[PDB]
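A closer look at the structure
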Amino acid sequence: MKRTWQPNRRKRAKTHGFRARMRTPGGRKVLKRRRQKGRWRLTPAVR
Amino acid sequence: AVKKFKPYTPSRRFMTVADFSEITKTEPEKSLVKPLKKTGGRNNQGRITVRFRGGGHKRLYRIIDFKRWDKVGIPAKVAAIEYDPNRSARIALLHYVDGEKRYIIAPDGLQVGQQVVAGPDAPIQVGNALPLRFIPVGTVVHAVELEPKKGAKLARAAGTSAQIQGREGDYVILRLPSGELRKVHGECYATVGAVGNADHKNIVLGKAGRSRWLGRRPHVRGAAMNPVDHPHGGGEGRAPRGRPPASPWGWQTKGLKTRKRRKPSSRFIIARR
RNA sequence: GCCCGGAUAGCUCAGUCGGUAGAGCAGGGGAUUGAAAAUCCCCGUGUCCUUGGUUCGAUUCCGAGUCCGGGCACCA
RNA sequence: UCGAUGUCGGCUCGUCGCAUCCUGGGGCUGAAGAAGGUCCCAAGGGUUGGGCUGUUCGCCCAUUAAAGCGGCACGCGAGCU
RNA sequence: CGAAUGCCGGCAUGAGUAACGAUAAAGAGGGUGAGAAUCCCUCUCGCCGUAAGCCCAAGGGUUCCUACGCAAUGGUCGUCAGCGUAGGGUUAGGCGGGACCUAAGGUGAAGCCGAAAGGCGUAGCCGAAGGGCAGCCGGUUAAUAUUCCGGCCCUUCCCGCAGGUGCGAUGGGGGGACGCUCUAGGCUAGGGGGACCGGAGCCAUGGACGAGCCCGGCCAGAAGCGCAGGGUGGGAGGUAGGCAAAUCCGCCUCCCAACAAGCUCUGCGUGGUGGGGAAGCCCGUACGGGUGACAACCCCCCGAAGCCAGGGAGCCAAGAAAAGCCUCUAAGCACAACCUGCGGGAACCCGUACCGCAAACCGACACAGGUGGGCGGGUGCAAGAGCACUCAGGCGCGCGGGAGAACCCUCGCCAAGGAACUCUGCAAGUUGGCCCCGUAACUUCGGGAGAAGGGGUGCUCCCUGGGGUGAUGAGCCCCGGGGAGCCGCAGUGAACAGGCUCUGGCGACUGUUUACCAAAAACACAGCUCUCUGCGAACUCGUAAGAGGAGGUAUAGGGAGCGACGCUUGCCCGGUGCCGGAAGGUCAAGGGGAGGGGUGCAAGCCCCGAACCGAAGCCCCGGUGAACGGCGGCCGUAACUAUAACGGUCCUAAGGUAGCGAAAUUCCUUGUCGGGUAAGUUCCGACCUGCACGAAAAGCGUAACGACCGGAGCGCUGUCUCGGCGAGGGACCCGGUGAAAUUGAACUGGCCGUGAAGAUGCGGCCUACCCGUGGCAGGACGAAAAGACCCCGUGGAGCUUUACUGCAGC
RNA sequence: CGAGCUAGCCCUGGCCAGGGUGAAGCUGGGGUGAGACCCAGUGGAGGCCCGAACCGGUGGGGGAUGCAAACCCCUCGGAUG
RNA sequence: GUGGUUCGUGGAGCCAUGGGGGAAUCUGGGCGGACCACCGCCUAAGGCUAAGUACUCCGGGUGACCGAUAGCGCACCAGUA
RNA sequence: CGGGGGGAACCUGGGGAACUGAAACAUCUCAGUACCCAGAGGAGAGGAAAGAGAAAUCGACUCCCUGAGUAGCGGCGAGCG
RNA sequence: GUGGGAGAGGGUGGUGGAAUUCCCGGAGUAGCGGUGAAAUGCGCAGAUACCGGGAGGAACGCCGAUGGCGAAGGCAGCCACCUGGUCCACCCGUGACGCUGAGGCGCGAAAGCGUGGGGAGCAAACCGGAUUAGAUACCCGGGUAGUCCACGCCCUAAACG
Ligand SMILES: NC[C@H]1O[C@H](O[C@H]2[C@H](O[C@@H]3O[C@H](CO)[C@@H](O)[C@H](N)[C@H]3O)[C@@H](O)[C@H](N)C[C@@H]2N)[C@H](N)[C@@H](O)[C@@H]1O
Ligand SMILES: [Mg+2]
Ligand SMILES: [Mg+2]
Ligand SMILES: [Mg+2]
Ligand SMILES: [Mg+2]
Ligand SMILES: [Mg+2]
Ligand SMILES: [Mg+2]
Ligand SMILES: [Mg+2]
Ligand SMILES: [Mg+2]
Ligand SMILES: [Mg+2]
Ligand SMILES: [Mg+2]
Ligand SMILES: [Mg+2]
Ligand SMILES: [Mg+2]
Ligand SMILES: [Mg+2]
Ligand SMILES: [Mg+2]
Ligand SMILES: [Mg+2]
Ligand SMILES: [Mg+2]
Ligand SMILES: [Mg+2]
Ligand SMILES: [Mg+2]
Ligand SMILES: [Mg+2]
Ligand SMILES: [Mg+2]
Ligand SMILES: [Mg+2]
Ligand SMILES: [Mg+2]
Ligand SMILES: [Mg+2]
Ligand SMILES: [Mg+2]
Ligand SMILES: [Mg+2]
Ligand SMILES: [Mg+2]
Ligand SMILES: [Mg+2]
Ligand SMILES: [Mg+2]
Ligand SMILES: [Mg+2]
Ligand SMILES: [Mg+2]
Ligand SMILES: [Mg+2]
Ligand SMILES: [Mg+2]
Ligand SMILES: [Mg+2]
Ligand SMILES: [Mg+2]
Ligand SMILES: [Mg+2]
Ligand SMILES: [Mg+2]
Ligand SMILES: [Mg+2]
Ligand SMILES: [Mg+2]
Ligand SMILES: [Mg+2]
Ligand SMILES: [Mg+2]
Ligand SMILES: [Mg+2]
Ligand SMILES: [Mg+2]
Ligand SMILES: [Mg+2]
Ligand SMILES: [Mg+2]
Ligand SMILES: [Mg+2]
Ligand SMILES: [Mg+2]
Ligand SMILES: [Mg+2]
Ligand SMILES: [Mg+2]
Ligand SMILES: [Mg+2]
Ligand SMILES: [Mg+2]
Ligand SMILES: [Mg+2]
Ligand SMILES: [Mg+2]
Ligand SMILES: [Mg+2]
Ligand SMILES: [Mg+2]
Ligand SMILES: [Mg+2]
Ligand SMILES: [Mg+2]
Ligand SMILES: [Mg+2]
Ligand SMILES: [Mg+2]
Ligand SMILES: [Mg+2]
Ligand SMILES: [Mg+2]
Ligand SMILES: [Mg+2]
Ligand SMILES: [Mg+2]
Ligand SMILES: [Mg+2]
Ligand SMILES: [Mg+2]
Ligand SMILES: [Mg+2]
Ligand SMILES: [Mg+2]
Ligand SMILES: [Mg+2]
Ligand SMILES: [Mg+2]
Ligand SMILES: [Mg+2]
Ligand SMILES: [Mg+2]
Ligand SMILES: [Mg+2]
Ligand SMILES: [Mg+2]
Ligand SMILES: [Mg+2]
Ligand SMILES: [Mg+2]
Ligand SMILES: [Mg+2]
Ligand SMILES: [Mg+2]
Ligand SMILES: [Mg+2]
Ligand SMILES: [Mg+2]
Ligand SMILES: [Mg+2]
Ligand SMILES: [Mg+2]
Ligand SMILES: [Mg+2]
Ligand SMILES: [Mg+2]
Ligand SMILES: [Mg+2]
Ligand SMILES: [Mg+2]
Ligand SMILES: [Mg+2]
Ligand SMILES: [Mg+2]
Ligand SMILES: [Mg+2]
Ligand SMILES: [Mg+2]
Ligand SMILES: [Mg+2]
Ligand SMILES: [Mg+2]
Ligand SMILES: [Mg+2]
Ligand SMILES: [Mg+2]
Ligand SMILES: [Mg+2]
Ligand SMILES: [Mg+2]
Ligand SMILES: [Mg+2]
Ligand SMILES: [Mg+2]
Ligand SMILES: [Mg+2]
Ligand SMILES: [Mg+2]
Ligand SMILES: [Mg+2]
Ligand SMILES: [Mg+2]
Ligand SMILES: [Mg+2]
Ligand SMILES: [Mg+2]
Ligand SMILES: [Mg+2]
Ligand SMILES: [Mg+2]
Ligand SMILES: [Mg+2]
Ligand SMILES: [Mg+2]
Ligand SMILES: [Mg+2]
Ligand SMILES: [Mg+2]
Ligand SMILES: [Mg+2]
Ligand SMILES: [Mg+2]
Ligand SMILES: [Mg+2]
Ligand SMILES: [Mg+2]
Ligand SMILES: [Mg+2]
Ligand SMILES: [Mg+2]
Ligand SMILES: [Mg+2]
Ligand SMILES: [Mg+2]
Ligand SMILES: [Mg+2]
Ligand SMILES: [Mg+2]
Ligand SMILES: [Mg+2]
Ligand SMILES: [Mg+2]
Ligand SMILES: [Mg+2]
Ligand SMILES: [Mg+2]
Ligand SMILES: [Mg+2]
Ligand SMILES: [Mg+2]
Ligand SMILES: [Mg+2]
Ligand SMILES: [Mg+2]
Ligand SMILES: [Mg+2]
Ligand SMILES: [Mg+2]
Ligand SMILES: [Mg+2]
Ligand SMILES: [Mg+2]
Ligand SMILES: [Mg+2]
Ligand SMILES: [Mg+2]
Ligand SMILES: [Mg+2]
Ligand SMILES: [Mg+2]
Ligand SMILES: [Mg+2]
Ligand SMILES: [Mg+2]
Ligand SMILES: [Mg+2]
Ligand SMILES: [Mg+2]
Ligand SMILES: [Mg+2]
Ligand SMILES: [Mg+2]
Ligand SMILES: [Mg+2]
Ligand SMILES: [Mg+2]
Ligand SMILES: [Mg+2]
Ligand SMILES: [Mg+2]
Ligand SMILES: [Mg+2]
Ligand SMILES: [Mg+2]
Ligand SMILES: [Mg+2]
Ligand SMILES: [Mg+2]
Ligand SMILES: [Mg+2]
Ligand SMILES: [Mg+2]
Ligand SMILES: [Mg+2]
Ligand SMILES: [Mg+2]
Ligand SMILES: [Mg+2]
Ligand SMILES: [Mg+2]
Ligand SMILES: [Mg+2]
Ligand SMILES: [Mg+2]
Ligand SMILES: [Mg+2]
Ligand SMILES: [Mg+2]
Ligand SMILES: [Mg+2]
Ligand SMILES: [Mg+2]
Ligand SMILES: [Mg+2]
Ligand SMILES: [Mg+2]
Ligand SMILES: [Mg+2]
Ligand SMILES: [Mg+2]
Ligand SMILES: [Mg+2]
Ligand SMILES: [Mg+2]
Ligand SMILES: [Mg+2]
Ligand SMILES: [Mg+2]
Ligand SMILES: [Mg+2]
Ligand SMILES: [Mg+2]
Ligand SMILES: [Mg+2]
Ligand SMILES: [Mg+2]
Ligand SMILES: [Mg+2]
Ligand SMILES: [Mg+2]
Ligand SMILES: [Mg+2]
Ligand SMILES: [Mg+2]
Ligand SMILES: [Mg+2]
Ligand SMILES: [Mg+2]
Ligand SMILES: [Mg+2]
Ligand SMILES: [Mg+2]
Ligand SMILES: [Mg+2]
Ligand SMILES: [Mg+2]
């Protein structure tokens, strides 16, 4: 039956992407946290 | 007056459709239509601020002329009577003699072919807009400005009208469609006649879908809900209000008056609904 | 089965700070009427449910008993 | 027994008790005969089909030798419903 | 450290056990190889074929093609592979997207708001599966192709030449530009037939050398032309409107054409040319190549839902925008510029492999699930995308061999009976398509209706009616009518394809719902009523700005109840709510200061403070019932009895009206009576003693409707008496691969007792050689889940209110 | 941090085999003083009917360490709203 | 009206300030816990100002600190699979 | 000419919880903590008396010890200080 | 046919004054109302009585008659429009074209009914005050349908002379 992940590349970038994160103070602190932890990807890969 | 239908389905027994006889022109005046953005009852947050709205037929907005005084003196011909979906009345198309086209809201008896005009001049006759102060006492009128130059406000809806009961100083006394006895400024414009399409209040929608065409989604009673939801939610099988009957937001809904008491306009009202 | 009320004139009922208890209707005797009603004038009257106790004195306060009215008997 | 002993009834499948419903053997009889009453022995076997109700029970129809009463976690849901 | 359903890890038990993932199905020969049911090839067999074939879009991201490989991945095997290693492969001015447009929304100069963060917002900008925009056919590669090649076409930019013209834009105007249902005409796609055209070969097995059988008889194409169709008036005069200007557009008037007449645009046909081109045989191709061939290349018919296209009609619920494009003028320039035609030059960036109803996507899996668009052939069955078979094409589902027990699943049939089964005809069965006949109560006159119940249905010959296309004819195609016969158990001969009736409850209806135990009598629904709301509306969201309401205006909008329709919806305003009430009472801050007090020598500074004035609220007066709500008791009485029209009296704000009633409500209860049955706790009809109906939490009815829930009957049945037999897929055996929960350890019997009260484990007896396999489930208080019931905890959380206290709001 | 599931709305597109029923209207006829109205033919309406796709999820059976953390088979509801 | 302080309205000053009213320039003003007197202290409504102080991404020294289930999550291509 | 963004912890400023404790709980506590925001810097804040507060005293600010769990605050409870 | 007449005959559209009620302003005070008599009710929150302004609906005094007109039901301020029936006169035209009339069709007071409107007065039902043995009556205070308009129904009557 229809499950929860219905991949759509524009949705992914439009929602979790770098320009989104930067757009919002909540989002900019995501980037700050993921940098401080040393995450290799800061943002889902998408494409 | 109200086409009926043989009952060849359920819901076609009681269905009732407008009589469209008066309608002369079956597609609108392209320079006079702009698109309108269906809200679905949502505000500029994304939030429903009016319940049970949405769906419903697409519509183009006919821009209509609720100030007639920026054409003072210029007569116009009534070219067509048209169906505006954004209102219960009908719109009359006006061809002015200087060549401008405008939509007026269509009075009762106004027939295609007629000449119409607006101003302190102008015969007291159906279609003519004037400052109230020049309209003889006792005249029924519609599309009244409430304050001068600010646009027609009162008695725009199909069949409605308003009546001049008197003059006092700079103001005249109208009886509004509601029966309120209001002062209005003498310089306010109004056009003479009732609105027409009076038969409108007698249509019988007849089924659920026909409400849905008009953009009205189903409405659920507080009684139908749970206590999280409504002052009336809950209670085992049915149950009466159990408290003074209320809105979803808790305020009482039989008799509780909501008009702000200190409103400046209170000096100008004489009566009620 | 468990808690609540009530029991006062023939009927329906009020009332009591513990000391002489009343209303309406019924009922009795007179009047009025040709005669019945309606009306008018007189009129009583009950051991205030039983049973113990408190007290000088109990319809009145106390605790039980009857019988009647009420409410309850839920979770499995 | 609450770090679980699934709870009415039906179905399936039995098995036991006897305070015996029937069949077998008895005594007394207010036992003429036939048919009963009552009590005694006896548990080998038997102990119907339907209407109503979830019902157990019970009532009713039509039969019968008879249409017994109980126990088995109100027998039986790692057997079904 | 021995315990914490402890933590981490390792290894056991169950066990060679369940399982190896759709019951579409396999068999042999040959090849290869160390090894072959599993890889390749051939032949046979079977399954899909509105797909299980083919083409797009997402998503995936090398899976593509080739060589060399088989450790692991593959539910077995593997020489194979979507796997390992390596090399190769994706080619565009015209396909898609971007150097175009706007949509919701997003963002956002101006501007507004907010403690900060931020929130809004006009223009503008961004934003597409919409709008605009120039490529078709074939060939080629192991792998790409509208991309490379071949052929024939075309667009934009730049520059130049010629001819034309007041040129000129971000401004004005036109256009773009629109719904739903139905539909005309002419075409095309697509298909069928042909005795005509072309073609290897075929005559078996009794017959046929035949007007035999088998195979094919097209594709694209500028201008021109032809057929069909869309768009569209021409001229003048006035002109104050389209935020300047306009010669444009709009508006008035007069004059011509009414018509595609013309002009224009598009479909299709034809067209210089270019391409393709079967069966069959041969070559070995793993996959194609050769030939067939100088292939033929034509007539008829069916015919779209596609095209002409902005076609036509009707209807109400009234159906985007902007650019491209045309027109007008403005600065400005008119040597510019623009328009047309021809020529040269110039034409960028990203995508392109492969999978794509799935072994490559979403589901931990090579998962019986989910996944949008297009194409989807033939024959037959009334039609069709339905059903059966079948083409192209694709597949036989990555364990097999055997056996032919119980038992299970899916399936077939059954003597007599026919619901006796059971909570219930649950399940199965009957019925079943089309044509004709025929069809009741009741009804809102539509229905009920496919009511019900019947008849027909195949093939053969003869005759015969109308239509389409052709020509008015043959031919092909469609719809039939009548007659005579033939065969079988049977002719919608297989497949797809209602069982029907009566009578109650509930809900009017179609709809909607607890994704994953409830689809309903619940919600919704048209409709009826109350109420609020005069517009900067009430109401909602937001601290605000803002916004929805609504670019709406009382025939409107919000809230609430009721819920089509019919006939109706009584009485009570004491209490609560709401509504009204300029008086009176009370009332906070504030005002006011009679009086008092602190200190100082004093002037003074400071503190308290009565009267009186002083909102809303509340008290008080009154209204209000489709506002929250409520709507009695006792005693007596009639010339048989019984009952009580009648009387009396207590109480209340008023004591339940019509209608209905043992009910989705009735405790007693299987009430009593009647109906139905042989028998009826259910069901239907009555009665009324209504524990505890009753009028918009509506009362009582109602045709029609219902995968709702009762009750009855007919029909028919393996539901049952009462089971039997058969089939296939498991179970069983052999070869391959090989889990799980569970598990203190175990050398793990019965009875009667005992024991923490239900013992393999203790006592006494009894029984009992060791170990397995297939079976059944009585026990191990079997497993699973630290009982969800119940209580406890001064545990939690949702909900309510005239609980307390607060806050928003008013 | 989430509306890539799910619920509503907004913008822009797409889809719905085939058959049946036969509303208004229109036309003709009849009727009348004129009408209402009647009949036929035409017409093609509808939360109309039957049934695929598509959307559902009624009843039963199977599954229950599944093929599946909701599936499969039979049956059944809607199918121009 | 409220925050700060030990000060929770308390006899409640001080410091700050959202609202109202609203001065003076040494004989001016604030303060010493309501207020008044007396006696003292201090000069609001502008600004700046090292050091002594806090911390440890970073380098170094040293452990009656661990020794691969420890020690950082990571001794190893880990904020990775 | 400058600003913008980053930085482990440290700093300041604007805003600011609840569990918890009070063996219930509301004032109180937790706590001006967590956390969000703005800003600083190698530190930051603070700072040169309209101060203390009883001495006729002391002299900017910061930091440690002490004063001292004192003075006080406090449903005069828990506790705070 | 011609020329004349009378009339509340009918359909429509307008329009006037008296009065009742409500509201606003003024003035003014203690009662008003009501009946057999009363009470309910209204009134110092300023009633009644009076004056001024306004709103709204219904019915048309005098004329008015025992009168007129209509087939009946019925029809009454005024104005206009449209329209029926009718009478007289003159004796002009048609030439029996007539009477009645089962069925049919149309009209049809009041009440009632549907869907809208409208609602001052009145007023079934209902409430309240009296009266009474009771009083679901007569009288009093309230009061909703209705009465009024449009459209469509109902089709009754002591629809009677
Ligand atoms: N059929 C034609 C006419 O017949 C009569 O008129 C007559 C008319 O009557 C008049 O009608 C009027 C209508 O009521 C009245 O206003 C006069 N009072 C009255 O005298 C006579 O005065 C003429 N002389 C003869 C005329 N035929 C009818 N009455 C009219 O209605 C009708 O239109
Ligand atoms: Mg997941
Ligand atoms: Mg996308
Ligand atoms: Mg890296
Ligand atoms: Mg927005
Ligand atoms: Mg937003
Ligand atoms: Mg729609
Ligand atoms: Mg309405
Ligand atoms: Mg209607
Ligand atoms: Mg609605
Ligand atoms: Mg509702
Ligand atoms: Mg609910
Ligand atoms: Mg809540
Ligand atoms: Mg909520
Ligand atoms: Mg609530
Ligand atoms: Mg409630
Ligand atoms: Mg209830
Ligand atoms: Mg409820
Ligand atoms: Mg008493
Ligand atoms: Mg005598
Ligand atoms: Mg005594
Ligand atoms: Mg005594
Ligand atoms: Mg319980
Ligand atoms: Mg309970
Ligand atoms: Mg237990
Ligand atoms: Mg257990
Ligand atoms: Mg015997
Ligand atoms: Mg004998
Ligand atoms: Mg004898
Ligand atoms: Mg025996
Ligand atoms: Mg039964
Ligand atoms: Mg029992
Ligand atoms: Mg019983
Ligand atoms: Mg028992
Ligand atoms: Mg049991
Ligand atoms: Mg059992
Ligand atoms: Mg079970
Ligand atoms: Mg059981
Ligand atoms: Mg352990
Ligand atoms: Mg093992
Ligand atoms: Mg085993
Ligand atoms: Mg086995
Ligand atoms: Mg096996
Ligand atoms: Mg398999
Ligand atoms: Mg083989
Ligand atoms: Mg096919
Ligand atoms: Mg993947
Ligand atoms: Mg790879
Ligand atoms: Mg391998
Ligand atoms: Mg393997
Ligand atoms: Mg596998
Ligand atoms: Mg590979
Ligand atoms: Mg460029
Ligand atoms: Mg743009
Ligand atoms: Mg923004
Ligand atoms: Mg696009
Ligand atoms: Mg293109
Ligand atoms: Mg081309
Ligand atoms: Mg090609
Ligand atoms: Mg390929
Ligand atoms: Mg030009
Ligand atoms: Mg064909
Ligand atoms: Mg030939
Ligand atoms: Mg032969
Ligand atoms: Mg030959
Ligand atoms: Mg201009
Ligand atoms: Mg068009
Ligand atoms: Mg068109
Ligand atoms: Mg110039
Ligand atoms: Mg490609
Ligand atoms: Mg594949
Ligand atoms: Mg699929
Ligand atoms: Mg598809
Ligand atoms: Mg597989
Ligand atoms: Mg799959
Ligand atoms: Mg997968
Ligand atoms: Mg068929
Ligand atoms: Mg097709
Ligand atoms: Mg049989
Ligand atoms: Mg039978
Ligand atoms: Mg049944
Ligand atoms: Mg069935
Ligand atoms: Mg019948
Ligand atoms: Mg029927
Ligand atoms: Mg019919
Ligand atoms: Mg039939
Ligand atoms: Mg029927
Ligand atoms: Mg045959
Ligand atoms: Mg068949
Ligand atoms: Mg089928
Ligand atoms: Mg069939
Ligand atoms: Mg059928
Ligand atoms: Mg019943
Ligand atoms: Mg329903
Ligand atoms: Mg339904
Ligand atoms: Mg529901
Ligand atoms: Mg569910
Ligand atoms: Mg759930
Ligand atoms: Mg259903
Ligand atoms: Mg209704
Ligand atoms: Mg607000
Ligand atoms: Mg606002
Ligand atoms: Mg708005
Ligand atoms: Mg708006
Ligand atoms: Mg509403
Ligand atoms: Mg309801
Ligand atoms: Mg009816
Ligand atoms: Mg009341
Ligand atoms: Mg009240
Ligand atoms: Mg009151
Ligand atoms: Mg007050
Ligand atoms: Mg009162
Ligand atoms: Mg008697
Ligand atoms: Mg009752
Ligand atoms: Mg009854
Ligand atoms: Mg009964
Ligand atoms: Mg009841
Ligand atoms: Mg009962
Ligand atoms: Mg009954
Ligand atoms: Mg009522
Ligand atoms: Mg009610
Ligand atoms: Mg009923
Ligand atoms: Mg019914
Ligand atoms: Mg149903
Ligand atoms: Mg039956
Ligand atoms: Mg069987
Ligand atoms: Mg078998
Ligand atoms: Mg034992
Ligand atoms: Mg031992
Ligand atoms: Mg021992
Ligand atoms: Mg065994
Ligand atoms: Mg067992
Ligand atoms: Mg067990
Ligand atoms: Mg526990
Ligand atoms: Mg406690
Ligand atoms: Mg608690
Ligand atoms: Mg969504
Ligand atoms: Mg149709
Ligand atoms: Mg339908
Ligand atoms: Mg399709
Ligand atoms: Mg779906
Ligand atoms: Mg199902
Ligand atoms: Mg379900
Ligand atoms: Mg099942
Ligand atoms: Mg099972
Ligand atoms: Mg799980
Ligand atoms: Mg259907
Ligand atoms: Mg403080
Ligand atoms: Mg305190
Ligand atoms: Mg203080
Ligand atoms: Mg001081
Ligand atoms: Mg201040
Ligand atoms: Mg001074
Ligand atoms: Mg100071
Ligand atoms: Mg000081
Ligand atoms: Mg001092
Ligand atoms: Mg000082
Ligand atoms: Mg420093
Ligand atoms: Mg290690
Ligand atoms: Mg480690
Ligand atoms: Mg080691
Ligand atoms: Mg290790
Ligand atoms: Mg570690
Ligand atoms: Mg690493
Ligand atoms: Mg701070
Ligand atoms: Mg700040
Ligand atoms: Mg907060
Ligand atoms: Mg503590
Ligand atoms: Mg606590
Ligand atoms: Mg505690
Ligand atoms: Mg607590
Ligand atoms: Mg604190
Ligand atoms: Mg430093
Ligand atoms: Mg103290
Ligand atoms: Mg205390
Ligand atoms: Mg503190
Ligand atoms: Mg003559
Ligand atoms: Mg009548
Ligand atoms: Mg009437
Ligand atoms: Mg009256
Ligand atoms: Mg009398
Ligand atoms: Mg009234
Ligand atoms: Mg008369």
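Look up a bit, the structure's there.
Residues numbered from 1 in each chain as written, not as in the entry; some residues may be left out. Chains lettered and ligands numbered in written order. Part of a larger assembly, values for the part shown. Heavy atoms only, no water.

What about the protein's contact with RNA strand I?
Residue and element names in this part refer to chain B. Neighbouring RNA strand I are the residues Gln-165, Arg-175 and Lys-201. Among the atoms of RNA strand I lying within 4 Å of the protein, the sugar-phosphate backbone contributes 100%. Between a phosphate oxygen of RNA strand I and a side-chain N or O atom of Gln-165, the distance comes to 3.3 Å. One of the side-chain nitrogen or oxygen atoms of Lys-201 is found 2.6 Å away from a phosphate oxygen of RNA strand I. (Near = heavy atom within 4 Å. Polar contact = N/O pair within 3.5 Å; in protein donor to acceptor, adjacent residues only side chain to side chain.)

Thoughts on the pattern of salt bridges
All names here are of chain B. In this structure the tally under the stated criterion is 13 salt bridges over all chains. Of the charged contacts, one joins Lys-150 and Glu-147 as a salt bridge, the two residues approaching to 2.9 Å between their closest N and O atoms. Among the residues examined, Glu-147 registers a relative accessible area of 44% and is labelled partly exposed. Among the ionic pairs, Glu-168 bridges to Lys-183, the shortest N-O distance being 3.1 Å. Of this pair, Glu-168 sits in strand 11 (residues 162-168) while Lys-183 sits in strand 13 (residues 181-185), placing them 15 residues apart in sequence. Several salt bridges share partner residues, and in doing so they unite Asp-65, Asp-70, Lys-71, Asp-98, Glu-100 and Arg-102 into one network. (Salt bridge = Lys/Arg side-chain N within 4 Å of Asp/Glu carboxyl O. Buried < 20%, exposed > 50% of the residue type's maximum accessible area, 1.4 Å probe, protein only. Helix = DSSP H or I, 4+ residues; strand = E, 2+ residues; numbered from the N terminus.)

Comments concerning empty space enclosed by the protein
Residue and element names in this part refer to chain B. Inspection of every chain in the model, using the stated rule, returns two cavities of 30 Å³ or more. Computed from the structure, the largest cavity encloses a volume of approximately 70 Å³. At three residues, the largest contribution of residues to the lining of the largest cavity is made by strand 14 (residues 189-192). Considered as a void within the structure, the second largest cavity measures approximately 30 Å³ in volume. Considering only residue class, the lining of the second largest cavity consists of six nonpolar, two polar and one charged. (1 Å grid on protein atoms, 1.4 Å probe; cavity = no way out; pocket = protein on both sides within 12 Å on 5 of 7 lines; lining within 4 Å. Points joined across faces, edges and corners; volume = space filled by probe spheres on them. Nonpolar A, V, L, I, M, F, W, Y, C, P; charged D, E, K, R; others polar.)

What to know about the pairing of strand 13 of chain B
Note: strand 12 (residues 171-175) of chain B against strand 13 of chain B, five bridges, orientation antiparallel. Note on strand 13 of chain B: the bridge partner recorded for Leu-174 of chain B is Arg-182 of chain B. (Pairing = 2+ DSSP bridges.)

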